[PDB]
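Peer 1: Take this structure, written in structure tokens, and hold onto it; I'll ask about it next.
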Amino acid sequence: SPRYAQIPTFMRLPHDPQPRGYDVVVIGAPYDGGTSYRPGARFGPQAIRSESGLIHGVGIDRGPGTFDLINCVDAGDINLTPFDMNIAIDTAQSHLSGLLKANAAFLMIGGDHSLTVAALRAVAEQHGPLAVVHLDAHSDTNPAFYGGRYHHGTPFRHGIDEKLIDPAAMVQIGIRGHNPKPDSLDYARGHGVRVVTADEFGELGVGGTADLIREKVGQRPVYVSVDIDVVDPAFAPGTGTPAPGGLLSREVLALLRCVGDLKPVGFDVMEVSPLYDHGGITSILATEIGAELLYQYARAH
Amino acid sequence: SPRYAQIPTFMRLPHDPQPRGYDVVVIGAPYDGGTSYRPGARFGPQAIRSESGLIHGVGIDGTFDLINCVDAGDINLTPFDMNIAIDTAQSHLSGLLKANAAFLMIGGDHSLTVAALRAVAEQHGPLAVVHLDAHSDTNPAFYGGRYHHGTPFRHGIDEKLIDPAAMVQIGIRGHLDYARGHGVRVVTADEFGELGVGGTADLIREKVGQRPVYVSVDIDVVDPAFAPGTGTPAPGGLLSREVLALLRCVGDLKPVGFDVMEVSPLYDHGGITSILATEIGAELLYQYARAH
Amino acid sequence: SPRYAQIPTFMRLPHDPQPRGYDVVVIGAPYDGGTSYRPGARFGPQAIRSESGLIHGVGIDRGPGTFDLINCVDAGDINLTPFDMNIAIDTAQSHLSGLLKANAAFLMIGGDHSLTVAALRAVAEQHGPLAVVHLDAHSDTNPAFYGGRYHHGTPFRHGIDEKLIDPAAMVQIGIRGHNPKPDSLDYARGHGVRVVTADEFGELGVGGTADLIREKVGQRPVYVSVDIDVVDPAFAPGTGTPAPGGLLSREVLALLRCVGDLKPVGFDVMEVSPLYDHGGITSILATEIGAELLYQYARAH
Amino acid sequence: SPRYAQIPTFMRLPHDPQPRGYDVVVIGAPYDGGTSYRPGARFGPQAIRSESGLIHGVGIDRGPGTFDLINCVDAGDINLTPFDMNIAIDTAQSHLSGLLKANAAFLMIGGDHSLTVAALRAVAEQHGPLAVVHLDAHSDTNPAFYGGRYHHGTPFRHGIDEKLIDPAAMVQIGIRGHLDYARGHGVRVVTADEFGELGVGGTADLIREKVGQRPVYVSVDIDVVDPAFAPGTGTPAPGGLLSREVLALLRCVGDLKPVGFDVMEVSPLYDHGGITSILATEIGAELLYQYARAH
Amino acid sequence: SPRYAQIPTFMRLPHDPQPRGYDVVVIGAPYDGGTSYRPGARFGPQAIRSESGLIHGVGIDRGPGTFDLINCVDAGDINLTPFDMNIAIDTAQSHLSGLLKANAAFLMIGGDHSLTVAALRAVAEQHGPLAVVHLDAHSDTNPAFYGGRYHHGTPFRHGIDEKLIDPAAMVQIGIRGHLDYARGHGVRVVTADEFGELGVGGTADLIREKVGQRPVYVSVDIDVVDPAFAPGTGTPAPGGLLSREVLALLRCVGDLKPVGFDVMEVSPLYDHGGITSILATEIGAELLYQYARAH
Amino acid sequence: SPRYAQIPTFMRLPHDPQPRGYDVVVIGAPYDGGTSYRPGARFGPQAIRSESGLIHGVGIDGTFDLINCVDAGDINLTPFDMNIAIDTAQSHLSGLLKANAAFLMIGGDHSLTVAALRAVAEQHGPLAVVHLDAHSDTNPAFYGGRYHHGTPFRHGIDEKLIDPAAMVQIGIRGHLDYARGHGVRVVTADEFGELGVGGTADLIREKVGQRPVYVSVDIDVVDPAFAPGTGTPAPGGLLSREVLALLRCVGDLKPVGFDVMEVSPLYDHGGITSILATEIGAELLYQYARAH
Ligand SMILES: [Mn+2]
Ligand SMILES: [Mn+2]
Ligand SMILES: [Mn+2]
Ligand SMILES: [Mn+2]
Ligand SMILES: [Mn+2]
Ligand SMILES: [Mn+2]
Ligand SMILES: [Mn+2]
Ligand SMILES: [Mn+2]
Ligand SMILES: [Mn+2]
Ligand SMILES: [Mn+2]
Ligand SMILES: [Mn+2]
Ligand SMILES: [Mn+2]
């Protein structure tokens, strides 16, 4: 059975739209109603699934494959309307909350970053205020707009504001541009969020940044949220707000190794907009990030 | 001055964001919040402008010598809220009509046409309509999706912006009682083939007569081969030359507004969809001059 | 549930990899081992599924939707090796034969045209020598090659040779170029096949060609095999051997209306190679062709 | 011997950079210095060659193949500078003239349409004032100006002005979009609209009447077909001909006395699926066949 | 007011086709007549403008925005003929000189690199022989020849030869692939290899030492970065710099006395996801910021 | 003569389909019958040739002045039968070596390297190997898939074409006992990062020494950002400059053959994969000159 054969699921996982008893459920969130610039992330889950067949959940020299250590399934997608932002967020919250009643955690494949507010609400409900590892070119702590409460530049502001996040245990890495509009990092920093700009990441290195994550997060339940635009546009052209001067794929993949030293309770990989991609490299990278997160969940638990 | 030089305006027209005294104002509506399938029409005005430099408003055997046109830039449409975006479009388009005769709106998804109909009916009363589309776009609204792109002509008829007895829609195919029951004349792609351009033009003239008419073109009326850059393509469509030839009949009508919607440039190839959209717009501007 | 949401099946049909009791099973054949020029048809089923969500099986003014008249399902794909032509053909034959033990018919989404030999073998086994309506820019009655018994230019030669086809009840429409290599139509014509070149089709028109199909086929069980390259490259750029000067999409779709006047017992839509496509228009057309065939099956039965 | 194997030559013809004694030499002209809008036709020959391996010079029910009737070769390209329009046009004429000293005729693969003036100069030197069949969305009879003598909208104005063309034996077909000079000189202009009325057959009859048996040069701008069929071109014009219409119309060439031809304005950067270059190959293939039929 | 709305200007700056009294005018130069390989840079300004709406002139932790420190405007484009290299270069110089009569400086968005000779001519007229920071995979100090005086490999040879540049204050960085003239004139060449050894910091130190406080022109060929980061360019050269390296290196400009700059060779037809044009915008944005910082 | 002019040969070299007396012959292997995922490498030689005109064999601070090279065209490889295609490649490559010193094979999928190894070992005995790849390609063959693209180095070791104690493979990542058990040195992408270019080059020199060495480059060794046009991309790969810098060490070795495989142009963007492949080939040719 060649890897491109059969209806595409994430990493060729079994499909079950009403999953019960799994460790990690992969759930798509095909929605881009929060996008402020280029849309198209509504196709992110479809494209990521299509390209994911390539990727095995077996590493190099890591012993047993992820899927022999933990039980995972592709639960299909949340039925998110493209016509109403507030309804989509509520729907996502309800669906994600549902998944946690009989499954340990989910990996949400987006979809624009606004959806993370729904995920944080679901996860925080089960675990209390959460530590956060956030990889992004943008802080995403901007204020809501008239008529846009949940644009894709707001999710971590809502997370802090609603106490879904313990900002003293939040680290965001890769920051180098403004999303929707210029807004200082004063809100984040004043709340105690540790911001690691792309510049600082260059100084710290993968190792130093990983140490910083372990120190800030400790063993608190942690949600790891990855905006694909964290990496340079060369590595992830298929995204709605590219920001030149970003991380290399290998830096992001190496950094995520530290997740297995934490207590991850949820994760997401957002903002893949496949129409802007080239050779599917963005969706392939998104898959690999997802795979690494799953493996690290296994290692951690 | 090569045609690609300078900041791109529609057909290299002058730009004036607050125009007054023009015959037709070209106005972009960069918004795709009504799209049900592929988004990207928010970039339609930019792409159309970018490709439009190629196109002269001089045919074979000059528009901008006959009438006064200008590119009024865009309506600032939020991508986050369909209700606010439609209201904003309505306000802006209505404002344009207070000071100028008519507009050509470059979309943007077809939902925006309700705003256009509202503005135009405010000036001319209930309107005749010539609607070119693969889809009827007379589907019901529902709570949470009041202005999806399949509703504009339903809203138009419901709100009495359209006189359905003077509305013809051409090109419908793929995958109608409401429309027909209201008196709308539907010309499927199949029927269009039987009637031909000339028979369809005769039908339009018969149905619309001299009534103030809004001509609304969904780029998806033509086969996906001619317009790949669109959100809901429908195979088995009209040839570009058929649509362009058909639109010559507009000069025999009394056009009071027009639009060219649903160009989604990310799906285009070689810019051909945006070039065709420009040519459609150009034809409409010329026919406005001929009519008036 | 927006049409791009959920794991993609053909026209959003239910999925069942072991279907029993359906009227028409949609089965993918992700294989391009028979391609002589550009490969990539192995991705045809995936791409066709992905773009098919757009298309409803409800026509305009046709009353009840296809799926309210007949029971259809997406059976997933045949696991076709990309490394061995003869094994792939045998595997396809066996799988397709299996489907007919508990289901009335299938719609095979290819995959290169070589696979049709397997389909003809399965269908002929159930119904005896078959009438054939073949839409293609190429006759596909070329001889096998050293090391290539089942290249994509051979299927109708094998069908005639093995008596899977009643050539006196076979019509091929759209012929205008040579595939793999130049070969006269003498073999086909000498066997009594009616060849309607693209030129002749222009003279006959859709209506005249449909009359010709009804006359030649009658009420014999008929297999309808569509090579996407029948239409001009403008309408189907995503294919392995384009041939300029082809039919319009609407001509092909109109012609296929005559299928409901026949006794169809199987069909396929082959040679979509999505890497060469633009805006997905080829896969969208392939979907619509499939939809029309399904509707016509319903009408006929 | 798969069609995509080997270094790409036009229709897998043999290559000879200094051909002598052939019937028709296929010569590339990789230059876009005359382009007024999108450039990229400099890559036309390369892309056409690459996609051409698909296409056999054997038709359906047409008998022996073209290459069994006439001896053809791919002569490579003319070394045309991208930096100087006047030098490129001069170089083109010299090279084309050279080919005609040793071979009966050439099929030039462009490259932008300005190059056709060089071809006309070379061909008229051998045959005298020429009849012309010109397929294009644009008339290409616009005036030259200082600094742009050879923009791509000039070749037929030069041809007429220099008496390389007998305008009373020139027909241009497909004109549309956005003509006194041409008409006043006796050129028959068939707009796309008029072509729709006349049909392929009526237009072919018209061509035969206008050209007669005068030596004729057939020049095809790929932009004559609708952008749907030829997206890869520099100045697309919506509302154009179908591929099948152009190919069928070109059958009339075998009833004429063709002495040269070209296929211009393919700009592969704007193409999709290589369909423009595949069509250009098929047009060239039809022209070669009709050359064999005529002679 | 979404970033993709309105007619596209560079970074959504106001437009004024006859700007007077500004600090820095952004001027497009839509011309690729100097290109030796792939054309298409004529569309550079249009594509850069279209993608630039994304990018704010506000940095991270950098304080007040660029446009709050300096007054900038998009001056539209120079009307450059695609048909004549010499006329285009002359036109460019005239237009750029005009801008300098009424505005402090300009940022030119190309267009192929040959245009830089016109910019250098205009800028040196105001400031005398210039220091130069040149980022490129290629030295662009190749000789001119008759018929191609201004191909895109010549601008810095002209600049040195005409004494528009003080070569003892010129540094070129990124050179690689496939130099006596430049070195013999005192130019400091930093190959991509040497850049790897020196690092961003070492190279910046070198620039500061070489340029000092002499008026300096900063010219960036987008092909300095690896093709992975800038695929949309005419002569890509594998093995190039990372985007982040170029952006970080350009921080040193605020320690200098910049009097002009440009960002050349974007050819959008070869771009993917618009990433080249987005990067070009960010480079321009950094140059404007460093101009404000310097002054 | 502009670099895009003339029929495309590798780096504008002369063409001779039956060469004799050359130092290195460039030979295309247009075949993708071993691909397990995306096909299209059958077009690798054509695309590489098309883009290669850009690249001069003159570095900074001239190859074709040092050694004599030629483009020998392609091997006529059937797309329909893997066993016949491998045998054909072997025969053709062996024929080239009877009359010329070495070849640079431009692929084509990596399965073809078994044929190359067979031909080269016939001239030099069991070979040292430097293999750059995201994948080890030492997977087992099976009936019906004897020469899939994940087998070439397994066949090489099994058939004694390779001395595994003198084989190093660099770049392995993603998703090895056979190889390690045979003495192969595997340098994962992670280890490569620790060692750097210089440490890896030292390791290669130590392992291979002066033994006749075949250098086989899978384009997928570099990150998909640098080489999108390939059949099995693996994120987190090497930068182009790292691969090019590493290959400088070949000039300190005794190279007897090389290849650049798995370019699949349909997935490329801006031709960057084919341009990189050309530069890799160019570097290898220069290092051949330096070594010999
Ligand atoms: Mn972001
Ligand atoms: Mn984000
Ligand atoms: Mn529609
Ligand atoms: Mn519509
Ligand atoms: Mn076919
Ligand atoms: Mn076929
Ligand atoms: Mn033309
Ligand atoms: Mn022309
Ligand atoms: Mn350069
Ligand atoms: Mn340069
Ligand atoms: Mn590999
Ligand atoms: Mn490999």
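Chain identifiers are assigned as A, B, and so on, following the order in which chains appear in the structure tokens; residues are numbered from 1 within each chain, and ligands are numbered from 1 in order of appearance.
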Using only C-alpha atoms and all ligand atoms, find each protein or nucleic acid residue lying at most 8 Å from ligand 3; present the set as an MDAnalysis selection string.
Peer 2: chainID B and resid 110 133:137 218:221 232:234 262
Peer 1: Please, could you write that set of residues out with N, CA, C and O atoms as an mmCIF file, in the first residue's frame?
Peer 2:
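Listing of again_8.cif after writing:
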data_model
loop_
_atom_site.group_PDB
_atom_site.id
_atom_site.type_symbol
_atom_site.label_atom_id
_atom_site.label_comp_id
_atom_site.auth_asym_id
_atom_site.auth_seq_id
_atom_site.Cartn_x
_atom_site.Cartn_y
_atom_site.Cartn_z
ATOM 1 N N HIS B 110 -19.827 37.460 -4.694
ATOM 2 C CA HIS B 110 -21.113 37.935 -5.218
ATOM 3 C C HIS B 110 -22.074 38.448 -4.179
ATOM 4 O O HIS B 110 -23.024 39.141 -4.531
ATOM 5 N N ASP B 133 -24.123 33.928 -14.729
ATOM 6 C CA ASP B 133 -23.619 33.099 -13.660
ATOM 7 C C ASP B 133 -23.825 31.627 -13.984
ATOM 8 O O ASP B 133 -24.765 31.301 -14.707
ATOM 9 N N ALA B 134 -22.971 30.749 -13.460
ATOM 10 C CA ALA B 134 -23.236 29.321 -13.502
ATOM 11 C C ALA B 134 -24.311 28.905 -12.473
ATOM 12 O O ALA B 134 -24.862 27.781 -12.516
ATOM 13 N N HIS B 135 -24.550 29.800 -11.526
ATOM 14 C CA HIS B 135 -25.414 29.548 -10.364
ATOM 15 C C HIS B 135 -26.464 30.633 -10.192
ATOM 16 O O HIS B 135 -26.221 31.802 -10.476
ATOM 17 N N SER B 136 -27.648 30.242 -9.738
ATOM 18 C CA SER B 136 -28.770 31.186 -9.678
ATOM 19 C C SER B 136 -28.602 32.232 -8.573
ATOM 20 O O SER B 136 -29.047 33.373 -8.735
ATOM 21 N N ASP B 137 -27.963 31.853 -7.465
ATOM 22 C CA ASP B 137 -27.687 32.786 -6.353
ATOM 23 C C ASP B 137 -28.988 33.392 -5.801
ATOM 24 O O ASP B 137 -29.054 34.583 -5.411
ATOM 25 N N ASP B 218 -20.918 37.141 -12.740
ATOM 26 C CA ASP B 218 -20.090 36.227 -11.969
ATOM 27 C C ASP B 218 -19.111 35.650 -12.966
ATOM 28 O O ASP B 218 -19.501 35.049 -13.960
ATOM 29 N N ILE B 219 -17.815 35.821 -12.724
ATOM 30 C CA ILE B 219 -16.815 35.329 -13.680
ATOM 31 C C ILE B 219 -16.989 33.821 -13.954
ATOM 32 O O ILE B 219 -16.589 33.328 -15.012
ATOM 33 N N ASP B 220 -17.601 33.100 -13.021
ATOM 34 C CA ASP B 220 -17.771 31.648 -13.164
ATOM 35 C C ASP B 220 -18.807 31.250 -14.228
ATOM 36 O O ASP B 220 -19.001 30.077 -14.485
ATOM 37 N N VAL B 221 -19.407 32.239 -14.896
ATOM 38 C CA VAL B 221 -20.308 31.964 -15.980
ATOM 39 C C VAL B 221 -19.555 31.308 -17.120
ATOM 40 O O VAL B 221 -20.108 30.434 -17.820
ATOM 41 N N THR B 232 -16.023 28.911 -7.052
ATOM 42 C CA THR B 232 -16.873 27.757 -7.326
ATOM 43 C C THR B 232 -17.021 27.483 -8.829
ATOM 44 O O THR B 232 -18.062 27.782 -9.430
ATOM 45 N N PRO B 233 -15.996 26.911 -9.430
ATOM 46 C CA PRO B 233 -16.043 26.643 -10.861
ATOM 47 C C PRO B 233 -17.101 25.626 -11.216
ATOM 48 O O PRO B 233 -17.408 24.753 -10.440
ATOM 49 N N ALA B 234 -17.637 25.728 -12.422
ATOM 50 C CA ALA B 234 -18.657 24.810 -12.876
ATOM 51 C C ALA B 234 -18.338 24.422 -14.314
ATOM 52 O O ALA B 234 -18.503 25.212 -15.215
ATOM 53 N N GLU B 262 -16.332 37.543 -8.224
ATOM 54 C CA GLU B 262 -15.834 36.202 -7.931
ATOM 55 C C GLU B 262 -14.478 35.862 -8.535
ATOM 56 O O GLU B 262 -14.095 34.723 -8.522
#
Peer 1: Output the contact residues of chain C with respect to chain A at a cut-off of 6 Å, based on only C-alpha atoms, as a ChimeraX atom specification.
Peer 2: /C:1,6-7,76-77,79
Peer 1: Which residues of chain D are close to chain E, meaning at most 7 Å apart when you count only C-alpha atoms, and how do they look as an MDAnalysis selection string?
Peer 2: chainID D and resid 33:34 36 39:40 82:85 147:148 151 269
Peer 1: Show me which residues sit within 9 Å of ligand 6 when counting only C-alpha atoms and all ligand atoms, and put them as number ranges by chain.
Peer 2: C: 112-114, 134-140, 152-155, 179, 225-230, 241, 270-271
Peer 1: Taking only C-alpha atoms into account, find every residue of chain A that has an atom no more than 6 Å from chain E, and write it out as a list in words.
Peer 2: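 Result: residues 234, 237, 244, 245 and 276 of chain A.
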Peer 1: Store the residues picked out above, limited to C-alpha atoms, as a PDB file, in the first residue's frame.
Peer 2:
ATOM      1  CA  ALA A 234      11.564  29.974   2.306  1.00  0.00           C
ATOM      2  CA  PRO A 237       5.679  29.858   1.851  1.00  0.00           C
ATOM      3  CA  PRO A 244      11.053  37.321   6.309  1.00  0.00           C
ATOM      4  CA  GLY A 245      14.048  36.489   8.450  1.00  0.00           C
ATOM      5  CA  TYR A 276       0.504  29.940  -1.461  1.00  0.00           C
TER       6      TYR A 276
END
Peer 1: Among range 16-160 of chain B, which ones does DSSP place in strand (DSSP E or B), written as a PyMOL selection string?
Peer 2: chain B and resi 24-29+69-74+102-107+127-132+142+145
Peer 1: Residues within 12 Å of ligand 12, counting only C-alpha atoms and all ligand atoms: report them as an NGL selection string.
Peer 2: :F and (34-36 or 41 or 107-114 or 131-139 or 148-154 or 169-173 or 216-222 or 230-234 or 259-263)
Peer 1: Wanna dump the chain B-chain A contacts at 8 Å for me, each residue with its shortest atom pair and the distance in Å to one decimal, counting only C-alpha atoms, ordered by chain and number, as a tab-separated table?
Peer 2:
residue	atom	partner	partner_atom	distance
B:33	CA	A:83	CA	6.5
B:34	CA	A:83	CA	6.4
B:35	CA	A:82	CA	7.5
B:36	CA	A:82	CA	6.6
B:38	CA	A:40	CA	7.3
B:39	CA	A:40	CA	6.2
B:40	CA	A:39	CA	6.2
B:78	CA	A:147	CA	7.9
B:79	CA	A:36	CA	6.7
B:80	CA	A:148	CA	5.2
B:81	CA	A:147	CA	5.7
B:82	CA	A:83	CA	7.0
B:84	CA	A:147	CA	7.1
B:144	CA	A:84	CA	5.7
B:145	CA	A:83	CA	5.3
B:148	CA	A:83	CA	6.8
B:266	CA	A:275	CA	6.5
B:267	CA	A:275	CA	7.7
Peer 1: If you count only C-alpha atoms, which residues fall within 12 Å of residue 235 in chain D, apart from same-chain ones fewer than 2 positions away, as a PDB file with C-alpha atoms, in the first residue's frame?
Peer 2:
ATOM      1  CA  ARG B   3       1.338  49.571 -19.893  1.00  0.00           C
ATOM      2  CA  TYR B   4       2.820  47.907 -16.810  1.00  0.00           C
ATOM      3  CA  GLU B  51      -3.557  42.781 -15.271  1.00  0.00           C
ATOM      4  CA  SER B  52      -5.830  45.507 -16.668  1.00  0.00           C
ATOM      5  CA  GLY B  53      -3.020  47.731 -17.943  1.00  0.00           C
ATOM      6  CA  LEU B  54      -2.877  45.468 -20.941  1.00  0.00           C
ATOM      7  CA  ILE B  55      -6.346  46.404 -22.045  1.00  0.00           C
ATOM      8  CA  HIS B  56      -7.171  49.446 -24.062  1.00  0.00           C
ATOM      9  CA  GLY B 270      -1.357  33.218 -16.508  1.00  0.00           C
ATOM     10  CA  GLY B 271      -3.645  35.951 -15.186  1.00  0.00           C
ATOM     11  CA  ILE B 272      -6.173  34.923 -17.796  1.00  0.00           C
ATOM     12  CA  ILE B 275      -7.546  39.729 -18.070  1.00  0.00           C
TER      13      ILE B 275
ATOM     14  CA  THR D  35       8.022  42.889 -26.414  1.00  0.00           C
ATOM     15  CA  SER D  36       5.943  45.794 -25.185  1.00  0.00           C
ATOM     16  CA  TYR D  37       4.261  44.076 -22.266  1.00  0.00           C
ATOM     17  CA  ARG D  38       5.287  40.718 -20.812  1.00  0.00           C
ATOM     18  CA  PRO D  39       8.710  39.434 -21.761  1.00  0.00           C
ATOM     19  CA  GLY D  40       9.745  35.760 -21.685  1.00  0.00           C
ATOM     20  CA  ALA D  41       9.394  34.781 -25.372  1.00  0.00           C
ATOM     21  CA  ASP D 112       8.508  37.847 -30.269  1.00  0.00           C
ATOM     22  CA  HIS D 113       6.788  38.784 -33.501  1.00  0.00           C
ATOM     23  CA  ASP D 136      -3.005  37.081 -34.728  1.00  0.00           C
ATOM     24  CA  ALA D 137      -5.256  38.870 -32.246  1.00  0.00           C
ATOM     25  CA  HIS D 138      -3.451  42.060 -33.282  1.00  0.00           C
ATOM     26  CA  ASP D 140       0.943  44.323 -35.988  1.00  0.00           C
ATOM     27  CA  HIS D 152       6.520  43.666 -31.861  1.00  0.00           C
ATOM     28  CA  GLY D 153       3.637  45.668 -33.254  1.00  0.00           C
ATOM     29  CA  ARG D 176      -9.753  41.671 -31.959  1.00  0.00           C
ATOM     30  CA  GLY D 177      -9.757  43.568 -28.693  1.00  0.00           C
ATOM     31  CA  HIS D 178      -8.037  46.931 -28.984  1.00  0.00           C
ATOM     32  CA  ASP D 221       1.148  34.668 -33.341  1.00  0.00           C
ATOM     33  CA  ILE D 222       0.120  32.135 -30.685  1.00  0.00           C
ATOM     34  CA  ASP D 223      -2.099  34.856 -29.170  1.00  0.00           C
ATOM     35  CA  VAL D 224      -4.565  34.319 -32.015  1.00  0.00           C
ATOM     36  CA  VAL D 225      -6.167  31.577 -29.922  1.00  0.00           C
ATOM     37  CA  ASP D 226      -8.031  32.428 -26.756  1.00  0.00           C
ATOM     38  CA  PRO D 227      -5.878  32.787 -23.615  1.00  0.00           C
ATOM     39  CA  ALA D 230      -2.527  29.742 -25.084  1.00  0.00           C
ATOM     40  CA  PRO D 231      -2.045  31.363 -21.661  1.00  0.00           C
ATOM     41  CA  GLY D 232       1.702  31.542 -22.175  1.00  0.00           C
ATOM     42  CA  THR D 233       1.949  34.665 -24.240  1.00  0.00           C
ATOM     43  CA  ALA D 237      -6.531  38.971 -25.839  1.00  0.00           C
ATOM     44  CA  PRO D 238      -9.745  37.407 -24.511  1.00  0.00           C
ATOM     45  CA  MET D 264       5.744  33.417 -32.449  1.00  0.00           C
ATOM     46  CA  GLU D 265       5.101  34.927 -29.025  1.00  0.00           C
ATOM     47  CA  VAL D 266       5.167  31.840 -26.826  1.00  0.00           C
ATOM     48  CA  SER D 267       6.214  33.037 -23.356  1.00  0.00           C
ATOM     49  CA  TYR D 270       2.941  32.428 -18.223  1.00  0.00           C
TER      50      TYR D 270
END
Peer 1: With DSSP run on the backbone, what are the helix (DSSP H, G or I) residues within range 37-121 of chain A? I'd like them as a PyMOL selection string.
Peer 2: chain A and resi 41-52+66-69+85-99+113-121
Peer 1: Please list as a list in words every residue within 12 Å of range 59-61 of chain F, counting only C-alpha atoms and excluding residues in the same chain fewer than 3 positions away.
Peer 2: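 The contact residues come out as residues 137, 138, 139, 174, 175, 176, 177, 178, 179, 180, 183, 189, 190, 191, 192, 193, 194 and 237 of chain E; 55, 56, 64, 279, 282, 283, 285, 286 and 287 of chain F.
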